[PDB]
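Comments concern the structure below.
Cβ atoms come from the backbone with ideal geometry, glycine included; neighbour counts cover every protein chain shown. All of this is worked out from the model, or read from it or from the source named; none is laboratory data.
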Amino acid sequence: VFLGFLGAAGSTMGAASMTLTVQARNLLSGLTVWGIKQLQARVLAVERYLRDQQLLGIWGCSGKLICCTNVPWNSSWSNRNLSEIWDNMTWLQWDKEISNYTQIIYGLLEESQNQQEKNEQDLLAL
Amino acid sequence: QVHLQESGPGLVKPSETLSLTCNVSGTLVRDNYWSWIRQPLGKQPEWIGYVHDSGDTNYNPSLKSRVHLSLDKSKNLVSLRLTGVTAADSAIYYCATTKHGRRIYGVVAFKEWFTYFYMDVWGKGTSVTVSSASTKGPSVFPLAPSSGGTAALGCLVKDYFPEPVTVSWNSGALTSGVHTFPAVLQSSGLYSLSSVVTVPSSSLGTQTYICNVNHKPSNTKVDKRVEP
Amino acid sequence: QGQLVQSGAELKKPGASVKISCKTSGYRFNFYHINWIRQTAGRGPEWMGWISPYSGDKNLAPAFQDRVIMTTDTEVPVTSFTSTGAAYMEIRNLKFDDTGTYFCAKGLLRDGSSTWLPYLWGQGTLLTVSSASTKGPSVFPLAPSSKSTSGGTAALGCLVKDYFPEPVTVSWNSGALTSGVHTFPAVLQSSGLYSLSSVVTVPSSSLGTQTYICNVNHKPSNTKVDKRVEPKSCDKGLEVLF
Amino acid sequence: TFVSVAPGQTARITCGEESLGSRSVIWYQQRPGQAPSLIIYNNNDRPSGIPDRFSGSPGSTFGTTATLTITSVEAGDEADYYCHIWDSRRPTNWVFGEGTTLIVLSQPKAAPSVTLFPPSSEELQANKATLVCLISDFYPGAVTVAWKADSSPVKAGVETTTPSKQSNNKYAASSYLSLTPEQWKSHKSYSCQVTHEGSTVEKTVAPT
Amino acid sequence: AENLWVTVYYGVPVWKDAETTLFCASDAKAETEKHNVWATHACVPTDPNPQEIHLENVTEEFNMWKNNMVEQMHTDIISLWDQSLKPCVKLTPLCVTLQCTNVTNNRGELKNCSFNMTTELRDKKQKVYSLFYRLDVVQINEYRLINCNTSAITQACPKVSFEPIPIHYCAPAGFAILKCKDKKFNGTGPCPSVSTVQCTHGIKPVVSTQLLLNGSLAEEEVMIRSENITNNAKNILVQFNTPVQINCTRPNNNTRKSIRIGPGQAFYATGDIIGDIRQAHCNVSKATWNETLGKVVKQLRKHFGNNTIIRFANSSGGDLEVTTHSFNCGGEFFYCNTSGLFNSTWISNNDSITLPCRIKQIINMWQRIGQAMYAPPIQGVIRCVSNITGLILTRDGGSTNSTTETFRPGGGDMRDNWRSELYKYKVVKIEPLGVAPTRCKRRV
Amino acid sequence: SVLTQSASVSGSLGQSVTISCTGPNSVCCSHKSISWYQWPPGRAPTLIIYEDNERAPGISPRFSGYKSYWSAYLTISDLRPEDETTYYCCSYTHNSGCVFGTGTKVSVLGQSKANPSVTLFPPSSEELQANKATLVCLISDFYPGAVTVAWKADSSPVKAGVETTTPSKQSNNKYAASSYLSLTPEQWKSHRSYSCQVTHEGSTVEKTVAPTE
Ligand SMILES: *[C@@H]1O[C@H](CO)[C@@H](O[C@@H]2O[C@H](CO)[C@@H](O[C@@H]3O[C@H](CO[C@H]4O[C@H](CO[C@H]5O[C@H](CO)[C@@H](O)[C@H](O)[C@@H]5O)[C@@H](O)[C@H](O[C@H]5O[C@H](CO)[C@@H](O)[C@H](O)[C@@H]5O[C@H]5O[C@H](CO)[C@@H](O)[C@H](O)[C@@H]5O)[C@@H]4O)[C@@H](O)[C@H](O[C@H]4O[C@H](CO)[C@@H](O)[C@H](O)[C@@H]4O[C@H]4O[C@H](CO)[C@@H](O)[C@H](O)[C@@H]4O[C@H]4O[C@H](CO)[C@@H](O)[C@H](O)[C@@H]4O)[C@@H]3O)[C@H](O)[C@H]2NC(C)=O)[C@H](O)[C@H]1NC(C)=O
Ligand SMILES: *[C@@H]1O[C@H](CO)[C@@H](O[C@@H]2O[C@H](CO)[C@@H](O[C@@H]3O[C@H](CO[C@H]4O[C@H](CO[C@H]5O[C@H](CO)[C@@H](O)[C@H](O)[C@@H]5O)[C@@H](O)[C@H](O[C@H]5O[C@H](CO)[C@@H](O)[C@H](O)[C@@H]5O)[C@@H]4O)[C@@H](O)[C@H](O[C@H]4O[C@H](CO)[C@@H](O)[C@H](O)[C@@H]4O)[C@@H]3O)[C@H](O)[C@H]2NC(C)=O)[C@H](O)[C@H]1NC(C)=O
Ligand SMILES: *[C@@H]1O[C@H](CO)[C@@H](O[C@@H]2O[C@H](CO)[C@@H](O[C@@H]3O[C@H](CO[C@H]4O[C@H](CO)[C@@H](O)[C@H](O)[C@@H]4O)[C@@H](O)[C@H](O[C@H]4O[C@H](CO)[C@@H](O)[C@H](O)[C@@H]4O[C@H]4O[C@H](CO)[C@@H](O)[C@H](O)[C@@H]4O)[C@@H]3O)[C@H](O)[C@H]2NC(C)=O)[C@H](O)[C@H]1NC(C)=O
Ligand SMILES: *[C@@H]1O[C@H](CO)[C@@H](O[C@@H]2O[C@H](CO)[C@@H](O[C@@H]3O[C@H](CO[C@H]4O[C@H](CO)[C@@H](O)[C@H](O)[C@@H]4O)[C@@H](O)[C@H](O[C@H]4O[C@H](CO)[C@@H](O)[C@H](O)[C@@H]4O)[C@@H]3O)[C@H](O)[C@H]2NC(C)=O)[C@H](O)[C@H]1NC(C)=O
Ligand SMILES: *[C@@H]1O[C@H](CO)[C@@H](O[C@@H]2O[C@H](CO)[C@@H](O[C@@H]3O[C@H](CO)[C@@H](O)[C@H](O[C@H]4O[C@H](CO)[C@@H](O)[C@H](O)[C@@H]4O)[C@@H]3O)[C@H](O)[C@H]2NC(C)=O)[C@H](O)[C@H]1NC(C)=O
Ligand SMILES: COc1cnc(-n2cnc(C)n2)c2[nH]cc(C(=O)C(=O)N3CCN(C(=O)c4ccccc4)CC3)c12
Ligand SMILES: *[C@@H]1O[C@H](CO)[C@@H](O[C@@H]2O[C@H](CO)[C@@H](O)[C@H](O)[C@H]2NC(C)=O)[C@H](O)[C@H]1NC(C)=O
Ligand SMILES: *[C@@H]1O[C@H](CO)[C@@H](O[C@@H]2O[C@H](CO)[C@@H](O)[C@H](O)[C@H]2NC(C)=O)[C@H](O)[C@H]1NC(C)=O
Ligand SMILES: *[C@@H]1O[C@H](CO)[C@@H](O[C@@H]2O[C@H](CO)[C@@H](O)[C@H](O)[C@H]2NC(C)=O)[C@H](O)[C@H]1NC(C)=O
Ligand SMILES: *[C@@H]1O[C@H](CO)[C@@H](O[C@@H]2O[C@H](CO)[C@@H](O)[C@H](O)[C@H]2NC(C)=O)[C@H](O)[C@H]1NC(C)=O
Ligand SMILES: *[C@@H]1O[C@H](CO)[C@@H](O)[C@H](O)[C@H]1NC(C)=O
Ligand SMILES: *[C@@H]1O[C@H](CO)[C@@H](O)[C@H](O)[C@H]1NC(C)=O
Ligand SMILES: *[C@@H]1O[C@H](CO)[C@@H](O)[C@H](O)[C@H]1NC(C)=O
Ligand SMILES: *[C@@H]1O[C@H](CO)[C@@H](O)[C@H](O)[C@H]1NC(C)=O
């Protein structure tokens, strides 16, 4: 249904995966003391947006909300099961376990994309 | 009713001490407040100070170091003293009861109020003249009647000091037609007034008309019978 | 991944009621169901019903449709992902075939096809339905014997006798000597009283170096017994070592 | 200070300085030749015996002077009016404010009732003689006496009082002429000419 | 298949505690014209239909004593005063020897001070008088302004207003503010029922001491909050469920003398007072305060034993701004004696209460540096009606503990004023990048 | 119970073993789920398999299940001595509850023997001042769990006051038991000795105390 911004914060990851367009629609929202206070804040808002969009774009997920990659899930990243993640765990609870291996996975998603592009160019040449 | 009467010397030498007394009749001198007021001739009245039991007595800031009031509860009368008198203290001293009041304008608790007084029952008042001259006894001389159906008749008081002089007819049995006149201050320094009565022409009796004259400063009481 | 603790064992006469608690700790009490399953001598293990603390939905079995009431308290948060809760159960119209052990179990998942499935269980609260009154136990000290002459070992313990409804625990030295403890089940006599036994295997070289104190606790009778086991044995096979 | 008001109208009287705070003005009335009486205490509160015709300005106004309003003016109210200012910003005033005399108009003229008296027989034996001329019941109090020895006026020896009202339109004036026992029997007659507003009344006397 | 693959997710409900630059919100009616010292115009309008999403199943740990929204508001207000007072008139030439005298009345207090002053020209002087409260002047052996030996003084423009208007703090894009909506919460610990909001509710920047005014009311029972109850060196913030009624008035119809002290500058002095010389005061209903003090002590026994004695007393000492209930009421700054409100002693089990208040016109920056302001006088009998929703209490660290505890008011740090309204808010940042495994693989 | 399992099943060490769990169509197995549990008598059960062929968290991959259209099976590869216990199966869905089965007693064969340890205790001194007399005959560390106890009164069969408990599994993967003999204070001082016989797979052990010593 419709729950609102961050409405599925405490729901299961599978149920919170339905409200992925709700938290994304409100992610951007469109000299004097009060004038420059919000101007410095709204500049940091687009920087925070383009930072995630750049990572999303270099991973082949530019126009994607839920993309699949070709990286094997290493067992050292909390080897949970399928029905134990999407049916009995929240996104807030899940990010705490993978918090150690966040920057680790981000390094593999970029190598696969540059390799997909270079392999794709070899096919069109023939 | 409340009847207040003042009685004093009426003549005090300069740089002396004035002693007045207010004989109270009608209420007790302890259950009421008392105040004295003096008034020079042709001027505005001036407050002197109030007196009450339980040591409630305040003086005039201009006459503070000279006046001393008191209340005689055993005799039921008000007293007054004034040491070191001058020519400016010549006035008419009154005796009146005082009823206090409380005017509130602020919040009461912060003493944002003040107590005001007002006299309601005055007295007849006494005359006090300050001078270094002696008291002279007046000389009474009768005025014979002389004239239409009506006739006049009066007395005369000549050469006395100071004011005033109480004149009564038939010991108070004649209050219709009496017109006592004010005195005249001659160059010698002695007042002189008169008093006449309008009586019908059928005066011969002899009805024995007689005028009673009294002078307090000299304790002089003279009775003079008037005859045509 | 938490721990479910239930109430103590109580003795109730047939016709009355009994309230069994089930406190939780280590997980969100509202994110999992609370299932109650019993097991008696007749008809084997029998699931009774579950309840969702979040919404309050219950589902009772037709056999317990009109004589069992389940209630759950409110969640007491401790951290952002864990909390502490409590679940109760009220079964009325007790019969003789209701004597057994009752368990409360934590749910398996939150969403899916096996959300109410019991996964994490408790320790179980034993319930005995009878008309006999509570009788206090009689603890007797057991004389040590010879378990091995060439090994230098012995065996001593305490004897609990004549105790009705059975929830009995036997420790040693306030929970200090737990190595070698062998507590045997009780026996059902012809009068209605049980009786178990306890024994601990200890070497023979320990006499004035260790104090043997068995702690027998029987809550239904509100009595605790502390016996001092004599280290001096009487067996002719063990005196060869002393 | 004088303010004349026609009888039956409303009177206004100003007394004291301008108000600086909350006040409790006390008004008084002094009859000519008598003792002052209490009229209105606490700005606008009348005791027993004073009609509702008298009203004073309320002490709640900041900046205005104490005003005494007298509705229905009568000849009896012709007297002096003093006030006692009780101001919260000013110290206690032990001297009443300078009063204001109320003048009742519509009193055109009054005829003086003069009376001349010769010296007594007991005074002549004292080697003294003095003529007495009494004047009363005249309004307004403005007369000038002129003694006459036969048809010739007398200069020195004339003693005359100043007019003074007696709780009415009646004023009082007494003229005296100091003569000698030999001066009296000398001339044939003596006159007391007292002029009023436009008239001149004269009374004579002759020895026996 | 059996081997899972990494799949990136965009727009995941994941956030971590952080700090950012917050902005404001000030309704649409706050058409007041002129220009209030804060929110008039300068702030972004508020959404006509605010949105609040209740985060079901979510439990979050709040912390009102380590919040960053307090540090921002505390400094934002300070910079707002420095901004509104920059172009206003500077009163440097007002530090001249003041030949003063008592006010015209019958504890002298007010002083009628005459002095020389510069005119529009730079030659002839000006012998004009004024009327300063005794708290603003100090003699020297004639008087002088109190700030002349410490701080420079600048008069506040009379076009601005000191009235506090609601100001909503909002977070920019990518951030969110969480509101703990439980009826019993001491500001710290995990929150049961949590919700999210883009902007906080209407918070009026009221700066008061000892007594918290016009604040938010507590739910059910009166709430007690403290950073460390066992430490007597930390204040104890209180919040009332039922507000107590307070009425303040300055019964002095003052006058505004517009003196000209040069080209463009104009000093507003105090003229002659119209009416009686009455001191300012504040009233508190005895019936309501007797029930509220008894309602707070019942919550104090839940922290110092069930059977104990609680006593109330006035301030021990220190500066004036803390020992007296100081605030603003229509323009003038008050300093009310609080010895009549804390004169009680509670054990284990009919008009109003008036307070003698005083008024200062010179006020010094609480930063302790030498920058003070001259508040222009107000004309007419001022009257303000306010609520009192909380207290700022302290505890005397007696060495003989667990016997009877005495509570004394205090203040001095306006951060507690913002903590009384920011206890139910904290800043978090949304990170929509979250990877998760599933049996999904892309193409070759 | 409406769900029928296998009354008994066995398997050697290091091998596998299959357990059946069938019943009418109303409970198994079309449109029905199956779950298994390791339920030692008197202890807390442990979830093994859920949602048919899905193991529970923390369960070794030595277990495996399979549900047909009429029955479900549980395969336990590489048997362990501690697996010798009772196993129950449940039938459930997404809406209904659970319905347990009859149970399955798994006897893991190929295990090592274990001679019982018997220790007889005479009546204590505090019990002789009651006065009563009770002999405590404890049995432990014997496999399998099937022993019979016989008492004698000075080499004479006893047919009064004999009682023995059932073999119970211990924590070391072995069985235990106990037996008691109720005697009168007159027969304790009249007989020269009492014995406790324990028969186990033909080999009979016996312990004897002596009141005369
Ligand atoms: C915080 O809390 C504190 C403490 O609670 C509080 O402080 C309080 O503040 C208020 C206002 O700031 C203050 O009120 C003042 O009270 C003055 C005293 O009034 C009391 O006494 C009178 C008389 O008592 C005497 O006489 C009795 C016989 O009559 C005798 O038995 C007594 O023993 C005593 O001797 C009494 O009448 C009053 O009763 C009033 O209050 C009752 C409720 O409690 C009410 O039901 C009554 O009706 C009455 O209210 C008025 O009634 C009629 C109208 O119906 C009026 O005619 C009366 O005069 C009453 O006002 C009190 O018990 C009072 O004098 C003050 O009012 C005068 O002063 C102000 C300021 O100067 C003026 O603006 C007013 O116009 C008024 O001035 C008139 O009265 C004075 C005094 O008589 C005169 O001198 C003036 O000339 C003027 O009179 C003339 O003008 C008026 C013009 O309209 C005309 O109508 C008259 O006919 C006349 O011609 C003022 O009201 C209070 O004292 C103070 N303290 C307490 C404890 O309350 C703070 O305010 C609180 N702060 C906040 C923010 O909440
Ligand atoms: C916050 O957290 C809580 C707890 O963590 C969470 O609540 C859980 O939510 C999940 C879903 O996300 C639930 O899981 C589902 O539960 C469904 C409900 O089961 C149905 O059957 C119940 C039994 O009915 C029988 O018994 C009655 C007699 O009692 C009898 O009359 C009937 O005929 C029948 O025989 C029934 O009571 C229950 O009714 C509830 O739900 C309805 C709404 O549908 C509501 O109106 C009622 O008031 C009552 O509350 C319900 O009808 C279950 O069907 C479902 O299984 C299907 O869906 C999954 C996919 O999810 C499929 O895979 C599957 O094949 C089925 O098609 C699923 O199991 C879970 O039970 C909740 N409770 C927990 C976990 O304790 C909240 O959602 C969280 N919220 C947020 C915002 O995060
Ligand atoms: C806790 O919360 C309460 C509730 O808001 C709050 O009470 C408020 O008090 C303030 C003063 O302390 C009030 O503000 C003033 O109110 C008076 C009287 O208001 C009347 O008139 C309005 C219509 O305007 C009516 O709606 C109302 O009901 C009253 O009848 C006003 O006269 C004041 O106006 C001046 O100040 C304004 C802002 O500063 C200016 O815009 C205005 O122009 C006035 O300034 C100038 O006016 C004259 C020129 O026209 C000039 O001569 C003057 O000298 C002056 O320079 C002012 O608005 C406010 O109304 C109260 N709230 C309510 C709802 O009534 C408490 O103060 C608060 N507690 C604390 C500690 O802050
Ligand atoms: C703080 O201190 C200052 C002094 O520096 C006070 O200001 C003074 O206030 C008094 C008021 O009491 C002023 O005195 C008054 O001045 C009036 C104006 O006089 C003008 O008119 C005359 C002709 O009449 C001209 O010659 C003159 O040059 C002025 O142009 C007078 O009219 C007043 O007289 C009234 O009062 C007296 C008192 O006895 C009466 O007798 C009179 O009849 C008349 O009613 C009076 O003299 C004074 O001028 C002010 N000085 C200054 C410098 O301003 C503040 O009031 C004071 N404030 C406080 C709160 O204490
Ligand atoms: C202006 O200020 C002066 C201050 O000097 C003030 O005069 C003072 O008045 C008070 C009371 O009005 C006087 O105090 C009195 O002291 C005597 C003892 O000496 C007491 O007995 C008095 O008690 C009586 O009066 C009380 C008045 O409230 C009654 O309540 C009480 O029951 C008694 O009847 C009284 O306390 C003080 O002595 C004078 N000061 C001087 C120097 O005379 C004046 O009233 C003020 N005026 C205005 C308009 O504000
Ligand atoms: C009086 O405060 C200044 C005075 N003067 C200046 N400046 C002068 N020149 C310059 C450049 N600044 C100031 N600047 C920033 C200031 C402040 O915020 C500040 O401390 N408070 C303003 C808010 N508050 C009050 O309302 C208040 C409440 C109860 C009692 C007393 C005061 C506390 C103090 C400041
Ligand atoms: C204001 O300035 C005047 C000067 O115009 C001061 O008047 C002088 O005062 C001093 C003593 O203070 C005297 O010695 C001078 O004779 C006075 N007249 C002059 C200097 O012309 C006046 O005192 C000043 N007012 C103050 C300082 O309050
Ligand atoms: C405070 O004093 C001022 C002036 O002293 C008062 O202003 C007067 O107000 C009245 C009506 O309220 C007007 O008729 C006057 O013209 C005003 N005076 C001037 C000089 O313009 C003001 O009313 C007083 N305030 C209070 C509450 O008493
Ligand atoms: C504070 O002031 C308010 C309003 O000025 C008071 O409320 C008034 O109470 C009286 C009862 O005495 C009512 O007659 C009025 O109608 C009320 N005013 C309003 C606007 O409703 C309140 O009582 C005062 N409180 C204190 C403690 O002084
Ligand atoms: C605040 O109020 C208290 C009490 O109302 C004041 O304490 C009084 O101090 C004076 C001396 O200045 C004493 O004569 C009184 O006896 C004291 N009152 C009491 C009840 O003891 C205090 O002075 C006021 N001001 C401050 C700053 O505390
Ligand atoms: C998986 O993580 C482990 C860390 O325990 C690491 O040793 C291993 O190399 C990782 N796998 C790959 C393919 O790098
Ligand atoms: C006052 O009256 C009494 C008796 O009436 C009298 O004795 C006394 O002398 C009178 N006072 C004076 C001063 O004469
Ligand atoms: C609170 O204060 C006490 C003493 O002042 C101190 O021991 C303690 O560490 C502080 N913090 C607490 C109690 O959390
Ligand atoms: C994990 O889930 C899969 C579902 O396909 C199942 O086959 C597997 O047995 C599960 N593993 C564990 C250890 O639960």
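Quick notes
- Filtered residue count, the stretch E:83-121, keeping only those that are within 16 Å of ligand 5 (Cβ to nearest atom) and either away from chain D (no Cβ under 14 Å) or assigned to a loop (DSSP other than H, G, I, E, B) (or both): 7
- Candidates C:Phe96, C:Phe29, C:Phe103: the one that is more than 16 Å from ligand 1 (Cβ to nearest atom), within 14 Å of chain E (Cβ to nearest Cβ) and either over 19 Å from F:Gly97 (Cα atoms) or under 19 Å from the mean Cα position of the chain (by Cα) (or both) is C:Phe29.
- Evaluated against (1) more than 14 Å from chain D (Cβ to nearest Cβ); (2) within 16 Å of ligand 4 (Cβ to nearest atom); (3) under 25 Å from the mean Cα position of the chain (by Cα), E:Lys257 falls short on exactly one condition, (3).
- Test result for E:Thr230, away from ligand 10 (no atom under 16 Å from the Cβ) and farther than 25 Å from E:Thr324 by Cα: yes
- Residues that are within 7 Å of another protein chain (Cβ to nearest Cβ), within 16 Å of ligand 11 (Cβ to nearest atom) and assigned to a loop (DSSP other than H, G, I, E, B), drawn from the stretch A:66-89: A:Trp73
- All strands (runs of 3 or more DSSP E) inside the stretch D:1-81 with 3 or more residues being over 20 Å from B:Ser35 (Cβ atoms): D:2-5, D:10-18, D:54-56, D:65-71
- Those strands (runs of 3 or more DSSP E) of the stretch E:1-64 in which 1 or more residues are of a type in the set (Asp, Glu) and within 28 Å of A:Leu56 (Cβ to Cβ) occupy E:15-17, E:60-63.
- Residues in the stretch B:184-209 that are farther than 21 Å from B:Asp159 by Cβ and in a strand (DSSP E or B): B:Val197, B:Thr198, B:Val199, B:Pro200.
Let's see how each residue does on (1) under 26 Å from C:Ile34 (Cβ atoms); (2) crowded, with 19+ Cβ neighbours inside 10 Å:
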| site | (1), (2) |
| --- | --- |
| F:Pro24 | no, no |
| F:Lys32 | yes, yes |
| F:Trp36 | yes, yes |
| F:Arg43 | yes, no |
| F:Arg55 | yes, yes |
| F:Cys90 | yes, yes |
| F:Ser125 | no, no |
| F:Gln129 | no, no |
| F:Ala133 | no, yes |
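- E:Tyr129 over 27 Å from the mean Cα position of the chain (by Cα) and of a type outside the set (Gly, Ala, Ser): yes
- Residue match in the stretch E:184-203 (condition: surrounded by 19 or more Cβ atoms within 10 Å (Cβ to Cβ), more than 16 Å from ligand 5 (Cβ to nearest atom) and within 17 Å of the chain's Cα centre (by Cα)): yes
- Count of the stretch E:411-442 residues, restricted to those that are among the hydroxyl-bearing types (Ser, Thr, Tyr) and within 14 Å of chain A (Cβ to nearest Cβ), is 1.
- Strands (runs of 3 or more DSSP E) contained in the stretch F:1-91 and holding at least 1 residues of a type in the set (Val, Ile, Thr): F:8-12, F:18-22, F:33-38, F:46-50, F:71-76
- Residues (more than 10 Å from chain E (Cβ to nearest Cβ) and either of a type in the set (A, V, I, L, M) or part of a loop (DSSP other than H, G, I, E, B) (or both)) located in the stretch A:90-103: A:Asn100
- Residues that are within 16 Å of ligand 1 (Cβ to nearest atom) and among the aliphatic types (A, V, I, L, M), drawn from the stretch E:232-270: E:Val244, E:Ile246
- Options C:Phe81, C:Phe29: the member that is out of contact with any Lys or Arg (no Cβ under 8 Å at 6 or more places or on another chain), in the same structural domain as C:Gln123 (by CATH) and either surrounded by 21 or more Cβ atoms within 10 Å (Cβ to Cβ) or in a loop (DSSP other than H, G, I, E, B) (or both): C:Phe29
The rows are residues; the columns are (1) within 14 Å of chain B (Cβ to nearest Cβ); (2) under 30 Å from B:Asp159 (Cβ atoms).
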residue: D:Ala75; (1), (2): no, no
residue: D:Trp86; (1), (2): yes, no
residue: D:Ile103; (1), (2): no, no
residue: D:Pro112; (1), (2): yes, yes
residue: D:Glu123; (1), (2): yes, yes
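- Residues in the stretch A:48-65 that are among the hydrophobic types (A, V, I, L, M, F, W, C) and within 9 Å of chain E (Cβ to nearest Cβ) were compared, and the one that is nearest to ligand 11 (Cβ to nearest atom) is A:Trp59.
- When we screen B:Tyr160, B:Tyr118, B:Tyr209 for residues that are buried (at least 21 other Cβ atoms within 10 Å of the Cβ) and either more than 14 Å from chain D (Cβ to nearest Cβ) or under 18 Å from the mean Cα position of the chain (by Cα) (or both), the only hit is B:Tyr160.
- Single match in B:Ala133, B:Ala151 (criterion: in a loop (DSSP other than H, G, I, E, B) and either farther than 26 Å from D:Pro36 by Cβ or within 8 Å of chain D (Cβ to nearest Cβ) (or both)): B:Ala133
- Taking the criterion of being exposed (fewer than 13 other Cβ atoms within 10 Å of the Cβ) and more than 22 Å from A:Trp94 (Cα to Cα), the only residue of the stretch A:12-27 that qualifies is A:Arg25.
- A Cβ distance below 8 Å, combined with a sequence gap of six or more or placement on separate chains, defines the contacts here; from the stretch F:155-171, residues that are more than 10 Å from chain C (Cβ to nearest Cβ) reach residues that are acidic (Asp, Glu) and crowded, with 16+ Cβ neighbours inside 10 Å in the pairs F:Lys169/F:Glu84.
- Residue match in the stretch E:224-245 (condition: touching a strand residue (DSSP E or B) at 6+ places or on another chain (Cβ under 7 Å), in a strand (DSSP E or B), farther than 20 Å from E:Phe407 by Cα and not small (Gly, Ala, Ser)): yes
- Going through (1) more than 15 Å from C:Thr82 (Cα to Cα); (2) crowded, with 17+ Cβ neighbours inside 10 Å; (3) away from every other protein chain (no Cβ under 12 Å) one by one, C:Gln39 falls short only on (3).
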